[PDB]
Amino acid sequence: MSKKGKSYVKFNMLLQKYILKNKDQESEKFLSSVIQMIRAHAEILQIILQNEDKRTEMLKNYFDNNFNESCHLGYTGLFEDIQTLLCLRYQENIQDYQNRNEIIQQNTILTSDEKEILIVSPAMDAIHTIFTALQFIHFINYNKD
RNA sequence: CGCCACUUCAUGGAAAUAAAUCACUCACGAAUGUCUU
């Protein structure tokens, strides 16, 4: 992650919000089903992120339409927070890496394998960052009773 | 007042329409992090 922008701040706030504190008055009820949804729907999320004009609306609609059950009314805050973090991370990633990717691909000396090692996809990198943050939250929160 | 019967036996419309389309949980846990010549 890049500590330059508000993505780092939102990441820290998400960790603070959805990580359980020790018994003492209530937390924000982290949901673990979103972890596997992001992994499974990663390519669809990439398609949504690549849509510049309707990115936020498409992300919100996708999360609402996938998590459309009665239980999910309590996880609207989590959905909104992860949507904001994903959008911020994608914007930072494109700003940092777009021209770098174009110039790396246009280079003729570098081999294809080294090109693919050097080239990073902004949308997929942001999705992986969200996935790793949620996995860390779940790892801290869960205990084998 | 008497005498006397025939005819007709279903057509037109509606022939499925909306809601929910998987949800939650677990996503690895424990042992071994070197040992014997």
# chains A, B, ... in the order shown; residues from 1 in each chain; ligands from 1
call {"tool": "closest_atom_pairs", "arguments": {"of": "chain B", "to": "chain A", "cutoff": "12 Å", "atoms": "only C-alpha atoms (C1' of nucleotides)", "output": "Markdown table"}}
result
| residue | atom | partner | partner_atom | distance |
| --- | --- | --- | --- | --- |
| B:20 | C1' | A:69 | CA | 9.7 |
| B:21 | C1' | A:66 | CA | 11.1 |
| B:22 | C1' | A:69 | CA | 10.0 |
| B:23 | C1' | A:69 | CA | 7.0 |
| B:24 | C1' | A:33 | CA | 8.1 |
| B:25 | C1' | A:32 | CA | 8.8 |
| B:26 | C1' | A:144 | CA | 9.8 |
| B:27 | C1' | A:36 | CA | 8.3 |
| B:28 | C1' | A:144 | CA | 11.6 |
| B:29 | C1' | A:144 | CA | 8.3 |
| B:30 | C1' | A:144 | CA | 12.0 |
call {"tool": "residues_around", "arguments": {"residues": "residue 76 (chain A)", "least_positions_apart": "5", "cutoff": "10 Å", "atoms": "only C-alpha atoms (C1' of nucleotides)", "output": "compact mmCIF listing (two decimals) with C-alpha atoms, in the first residue's frame"}}
result
# COMPACT_ATOMS: atom_id res chain seq x y z
CA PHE A 63 -22.49 -5.13 -3.45
CA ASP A 64 -26.20 -4.45 -2.85
CA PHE A 67 -25.61 -9.16 -0.47
CA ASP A 81 -16.10 1.21 3.91
CA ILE A 82 -14.66 -1.50 1.67
call {"tool": "select_by_dssp", "arguments": {"residues": "chain A", "states": "alpha helix (DSSP H)", "output": "PyMOL selection string"}}
result
chain A and resi 6-18+33-40+42-50+55-66+76-106+112-118+122-141
call {"tool": "write_last_selection", "arguments": {"atoms": "C-alpha atoms", "output": "short mmCIF file (atom, residue, chain, number, x, y, z; two decimals), in the first residue's frame"}}
result
data_model
loop_
_atom_site.label_atom_id
_atom_site.label_comp_id
_atom_site.auth_asym_id
_atom_site.auth_seq_id
_atom_site.Cartn_x
_atom_site.Cartn_y
_atom_site.Cartn_z
CA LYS A 6 -6.16 8.67 2.10
CA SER A 7 -6.17 4.95 1.24
CA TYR A 8 -3.77 4.32 4.13
CA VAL A 9 -6.00 6.32 6.49
CA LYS A 10 -9.11 4.40 5.39
CA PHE A 11 -7.24 1.09 5.74
CA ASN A 12 -6.23 1.96 9.30
CA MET A 13 -9.77 3.09 10.14
CA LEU A 14 -11.22 -0.15 8.74
CA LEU A 15 -8.80 -2.19 10.84
CA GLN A 16 -9.67 -0.17 13.94
CA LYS A 17 -13.42 -0.42 13.30
CA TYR A 18 -13.82 -4.10 12.47
CA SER A 33 -18.67 -13.87 3.71
CA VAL A 34 -17.35 -10.75 1.96
CA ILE A 35 -13.82 -12.20 2.05
CA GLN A 36 -14.70 -15.06 -0.29
CA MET A 37 -17.00 -12.88 -2.41
CA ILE A 38 -14.17 -10.50 -3.29
CA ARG A 39 -11.85 -13.38 -4.19
CA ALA A 40 -14.45 -15.13 -6.34
CA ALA A 42 -12.32 -10.35 -8.48
CA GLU A 43 -12.55 -10.16 -12.28
CA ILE A 44 -16.04 -8.63 -12.13
CA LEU A 45 -14.74 -6.10 -9.62
CA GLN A 46 -11.91 -5.32 -12.06
CA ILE A 47 -14.49 -4.74 -14.81
CA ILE A 48 -16.44 -2.44 -12.47
CA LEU A 49 -13.30 -0.52 -11.46
CA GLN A 50 -12.25 -0.01 -15.09
CA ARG A 55 -17.40 3.22 -10.92
CA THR A 56 -18.86 4.05 -7.50
CA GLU A 57 -22.47 3.47 -8.56
CA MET A 58 -21.59 0.14 -10.17
CA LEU A 59 -19.64 -0.99 -7.09
CA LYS A 60 -22.48 -0.04 -4.75
CA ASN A 61 -25.05 -1.74 -6.98
CA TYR A 62 -22.96 -4.91 -7.22
CA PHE A 63 -22.49 -5.13 -3.45
CA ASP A 64 -26.20 -4.45 -2.85
CA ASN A 65 -27.32 -7.02 -5.42
CA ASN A 66 -24.98 -9.76 -4.20
CA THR A 76 -23.98 -1.73 5.18
CA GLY A 77 -21.20 0.15 6.98
CA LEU A 78 -18.69 -2.59 6.17
CA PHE A 79 -19.79 -2.65 2.53
CA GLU A 80 -19.52 1.13 2.21
CA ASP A 81 -16.10 1.21 3.91
CA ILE A 82 -14.66 -1.50 1.67
CA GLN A 83 -16.14 0.21 -1.41
CA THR A 84 -14.48 3.51 -0.48
CA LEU A 85 -11.16 1.80 0.23
CA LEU A 86 -11.30 -0.10 -3.07
CA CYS A 87 -12.03 3.06 -5.07
CA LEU A 88 -9.28 5.05 -3.34
CA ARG A 89 -6.76 2.24 -3.83
CA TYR A 90 -7.64 1.89 -7.51
CA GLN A 91 -7.29 5.63 -8.11
CA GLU A 92 -3.92 5.72 -6.34
CA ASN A 93 -2.79 2.62 -8.23
CA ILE A 94 -3.67 4.02 -11.65
CA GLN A 95 -2.04 7.37 -10.82
CA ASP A 96 1.14 5.60 -9.68
CA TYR A 97 1.39 2.80 -12.22
CA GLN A 98 -0.41 3.54 -15.51
CA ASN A 99 2.35 5.29 -17.47
CA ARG A 100 4.89 2.97 -15.84
CA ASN A 101 3.04 -0.04 -17.25
CA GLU A 102 2.77 1.52 -20.71
CA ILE A 103 6.47 2.39 -20.86
CA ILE A 104 7.49 -1.03 -19.49
CA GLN A 105 5.43 -2.76 -22.18
CA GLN A 106 6.82 -0.45 -24.88
CA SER A 112 8.23 -11.07 -21.39
CA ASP A 113 8.63 -12.80 -18.02
CA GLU A 114 10.48 -9.83 -16.53
CA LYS A 115 7.88 -7.51 -18.08
CA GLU A 116 5.07 -9.44 -16.39
CA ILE A 117 6.98 -9.42 -13.09
CA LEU A 118 7.47 -5.65 -13.36
CA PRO A 122 -3.95 -1.45 -10.64
CA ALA A 123 -7.44 -2.89 -10.18
CA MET A 124 -6.26 -6.36 -9.20
CA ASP A 125 -3.65 -4.90 -6.83
CA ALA A 126 -6.35 -2.84 -5.11
CA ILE A 127 -8.63 -5.88 -4.89
CA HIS A 128 -5.79 -7.91 -3.38
CA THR A 129 -5.15 -5.15 -0.84
CA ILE A 130 -8.81 -5.20 0.23
CA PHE A 131 -8.73 -9.01 0.37
CA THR A 132 -5.61 -9.01 2.54
CA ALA A 133 -7.03 -6.36 4.88
CA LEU A 134 -10.22 -8.39 5.37
CA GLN A 135 -8.20 -11.58 5.88
CA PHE A 136 -6.12 -9.85 8.57
CA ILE A 137 -9.30 -8.61 10.26
CA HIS A 138 -10.78 -12.12 10.27
CA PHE A 139 -7.50 -13.66 11.46
CA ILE A 140 -7.39 -11.29 14.43
CA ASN A 141 -11.10 -11.71 15.19
#
call {"tool": "atom_distance", "arguments": {"atom1": "CA of residue 73 (chain A)", "atom2": "CA of residue 22 (chain A)"}}
result
25.1 Å
call {"tool": "closest_residue", "arguments": {"among": "A:2, A:110, A:20, A:27", "to": "residue 75 (chain A)", "atoms": "only C-alpha atoms"}}
result
A:27
call {"tool": "decode", "arguments": {"residues": "region 20-33 of chain B", "atoms": "N, CA and C atoms (P, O5', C5', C4', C3', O3' and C1' of nucleotides)", "output": "PDB file, in the first residue's frame"}}
result
ATOM      1  P     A B  20     -36.834 -10.488  -6.350  1.00  0.00           P
ATOM      2  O5'   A B  20     -36.193 -11.696  -5.541  1.00  0.00           O
ATOM      3  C5'   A B  20     -35.837 -11.522  -4.183  1.00  0.00           C
ATOM      4  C4'   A B  20     -36.027 -12.779  -3.376  1.00  0.00           C
ATOM      5  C3'   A B  20     -35.090 -13.934  -3.667  1.00  0.00           C
ATOM      6  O3'   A B  20     -33.765 -13.744  -3.197  1.00  0.00           O
ATOM      7  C1'   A B  20     -37.276 -14.758  -3.431  1.00  0.00           C
ATOM      8  P     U B  21     -32.570 -13.510  -4.250  1.00  0.00           P
ATOM      9  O5'   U B  21     -32.407 -14.911  -4.994  1.00  0.00           O
ATOM     10  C5'   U B  21     -31.866 -16.040  -4.317  1.00  0.00           C
ATOM     11  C4'   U B  21     -31.320 -17.082  -5.266  1.00  0.00           C
ATOM     12  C3'   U B  21     -30.317 -16.588  -6.312  1.00  0.00           C
ATOM     13  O3'   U B  21     -29.315 -17.587  -6.511  1.00  0.00           O
ATOM     14  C1'   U B  21     -32.119 -17.659  -7.390  1.00  0.00           C
ATOM     15  P     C B  22     -27.869 -17.190  -7.089  1.00  0.00           P
ATOM     16  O5'   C B  22     -26.852 -17.581  -5.928  1.00  0.00           O
ATOM     17  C5'   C B  22     -27.057 -18.738  -5.134  1.00  0.00           C
ATOM     18  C4'   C B  22     -27.795 -18.402  -3.864  1.00  0.00           C
ATOM     19  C3'   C B  22     -26.953 -18.132  -2.630  1.00  0.00           C
ATOM     20  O3'   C B  22     -26.362 -16.846  -2.615  1.00  0.00           O
ATOM     21  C1'   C B  22     -28.774 -19.522  -2.062  1.00  0.00           C
ATOM     22  P     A B  23     -25.071 -16.571  -1.701  1.00  0.00           P
ATOM     23  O5'   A B  23     -25.663 -16.412  -0.231  1.00  0.00           O
ATOM     24  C5'   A B  23     -26.557 -15.355   0.085  1.00  0.00           C
ATOM     25  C4'   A B  23     -27.070 -15.468   1.499  1.00  0.00           C
ATOM     26  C3'   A B  23     -26.025 -15.726   2.571  1.00  0.00           C
ATOM     27  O3'   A B  23     -25.350 -14.546   2.967  1.00  0.00           O
ATOM     28  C1'   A B  23     -27.872 -17.167   2.897  1.00  0.00           C
ATOM     29  P     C B  24     -23.802 -14.601   3.386  1.00  0.00           P
ATOM     30  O5'   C B  24     -23.820 -15.297   4.817  1.00  0.00           O
ATOM     31  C5'   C B  24     -24.303 -14.609   5.958  1.00  0.00           C
ATOM     32  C4'   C B  24     -24.226 -15.476   7.187  1.00  0.00           C
ATOM     33  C3'   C B  24     -22.861 -16.074   7.484  1.00  0.00           C
ATOM     34  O3'   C B  24     -22.018 -15.172   8.177  1.00  0.00           O
ATOM     35  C1'   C B  24     -24.523 -17.749   7.659  1.00  0.00           C
ATOM     36  P     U B  25     -20.424 -15.271   8.031  1.00  0.00           P
ATOM     37  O5'   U B  25     -20.057 -16.649   8.735  1.00  0.00           O
ATOM     38  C5'   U B  25     -20.319 -16.855  10.115  1.00  0.00           C
ATOM     39  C4'   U B  25     -20.011 -18.271  10.530  1.00  0.00           C
ATOM     40  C3'   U B  25     -18.692 -18.833  10.040  1.00  0.00           C
ATOM     41  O3'   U B  25     -17.595 -18.366  10.796  1.00  0.00           O
ATOM     42  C1'   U B  25     -20.399 -20.456   9.790  1.00  0.00           C
ATOM     43  P     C B  26     -16.311 -17.755  10.055  1.00  0.00           P
ATOM     44  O5'   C B  26     -15.356 -19.011   9.871  1.00  0.00           O
ATOM     45  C5'   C B  26     -14.944 -19.758  11.000  1.00  0.00           C
ATOM     46  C4'   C B  26     -14.877 -21.233  10.708  1.00  0.00           C
ATOM     47  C3'   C B  26     -13.855 -21.683   9.683  1.00  0.00           C
ATOM     48  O3'   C B  26     -12.519 -21.665  10.152  1.00  0.00           O
ATOM     49  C1'   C B  26     -15.888 -22.803   9.296  1.00  0.00           C
ATOM     50  P     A B  27     -11.486 -20.579   9.567  1.00  0.00           P
ATOM     51  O5'   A B  27     -11.375 -20.933   8.018  1.00  0.00           O
ATOM     52  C5'   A B  27     -10.803 -22.163   7.589  1.00  0.00           C
ATOM     53  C4'   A B  27     -10.249 -22.076   6.186  1.00  0.00           C
ATOM     54  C3'   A B  27      -9.484 -20.797   5.846  1.00  0.00           C
ATOM     55  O3'   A B  27      -8.407 -21.123   4.971  1.00  0.00           O
ATOM     56  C1'   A B  27     -11.259 -21.081   4.323  1.00  0.00           C
ATOM     57  P     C B  28      -6.972 -20.425   5.145  1.00  0.00           P
ATOM     58  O5'   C B  28      -5.950 -21.647   5.104  1.00  0.00           O
ATOM     59  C5'   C B  28      -5.304 -22.103   6.283  1.00  0.00           C
ATOM     60  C4'   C B  28      -6.247 -22.860   7.184  1.00  0.00           C
ATOM     61  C3'   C B  28      -5.633 -23.463   8.436  1.00  0.00           C
ATOM     62  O3'   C B  28      -5.465 -22.514   9.474  1.00  0.00           O
ATOM     63  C1'   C B  28      -7.040 -25.054   7.393  1.00  0.00           C
ATOM     64  P     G B  29      -4.177 -22.578  10.432  1.00  0.00           P
ATOM     65  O5'   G B  29      -4.606 -23.590  11.584  1.00  0.00           O
ATOM     66  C5'   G B  29      -5.550 -23.210  12.572  1.00  0.00           C
ATOM     67  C4'   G B  29      -5.888 -24.363  13.483  1.00  0.00           C
ATOM     68  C3'   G B  29      -4.703 -25.106  14.077  1.00  0.00           C
ATOM     69  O3'   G B  29      -4.183 -24.457  15.224  1.00  0.00           O
ATOM     70  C1'   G B  29      -6.275 -26.658  13.224  1.00  0.00           C
ATOM     71  P     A B  30      -2.599 -24.375  15.462  1.00  0.00           P
ATOM     72  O5'   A B  30      -2.215 -25.832  15.975  1.00  0.00           O
ATOM     73  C5'   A B  30      -2.732 -26.326  17.200  1.00  0.00           C
ATOM     74  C4'   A B  30      -2.402 -27.784  17.393  1.00  0.00           C
ATOM     75  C3'   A B  30      -0.951 -28.179  17.175  1.00  0.00           C
ATOM     76  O3'   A B  30      -0.128 -27.894  18.291  1.00  0.00           O
ATOM     77  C1'   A B  30      -2.370 -29.723  16.084  1.00  0.00           C
ATOM     78  P     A B  31       1.424 -27.539  18.084  1.00  0.00           P
ATOM     79  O5'   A B  31       2.084 -28.926  17.667  1.00  0.00           O
ATOM     80  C5'   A B  31       2.049 -30.043  18.541  1.00  0.00           C
ATOM     81  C4'   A B  31       2.716 -31.243  17.921  1.00  0.00           C
ATOM     82  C3'   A B  31       4.080 -30.991  17.303  1.00  0.00           C
ATOM     83  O3'   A B  31       5.111 -30.997  18.273  1.00  0.00           O
ATOM     84  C1'   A B  31       2.752 -32.291  15.828  1.00  0.00           C
ATOM     85  P     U B  32       6.225 -29.844  18.287  1.00  0.00           P
ATOM     86  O5'   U B  32       7.268 -30.320  17.188  1.00  0.00           O
ATOM     87  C5'   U B  32       7.766 -31.647  17.197  1.00  0.00           C
ATOM     88  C4'   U B  32       8.326 -32.034  15.855  1.00  0.00           C
ATOM     89  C3'   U B  32       9.230 -31.011  15.193  1.00  0.00           C
ATOM     90  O3'   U B  32      10.550 -31.043  15.707  1.00  0.00           O
ATOM     91  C1'   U B  32       7.701 -31.898  13.605  1.00  0.00           C
ATOM     92  P     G B  33      11.143 -29.785  16.512  1.00  0.00           P
ATOM     93  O5'   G B  33      11.588 -28.775  15.365  1.00  0.00           O
ATOM     94  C5'   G B  33      12.424 -29.211  14.300  1.00  0.00           C
ATOM     95  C4'   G B  33      12.937 -28.057  13.474  1.00  0.00           C
ATOM     96  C3'   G B  33      13.436 -26.846  14.266  1.00  0.00           C
ATOM     97  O3'   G B  33      14.548 -26.269  13.583  1.00  0.00           O
ATOM     98  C1'   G B  33      11.725 -26.175  12.790  1.00  0.00           C
TER      99        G B  33
END
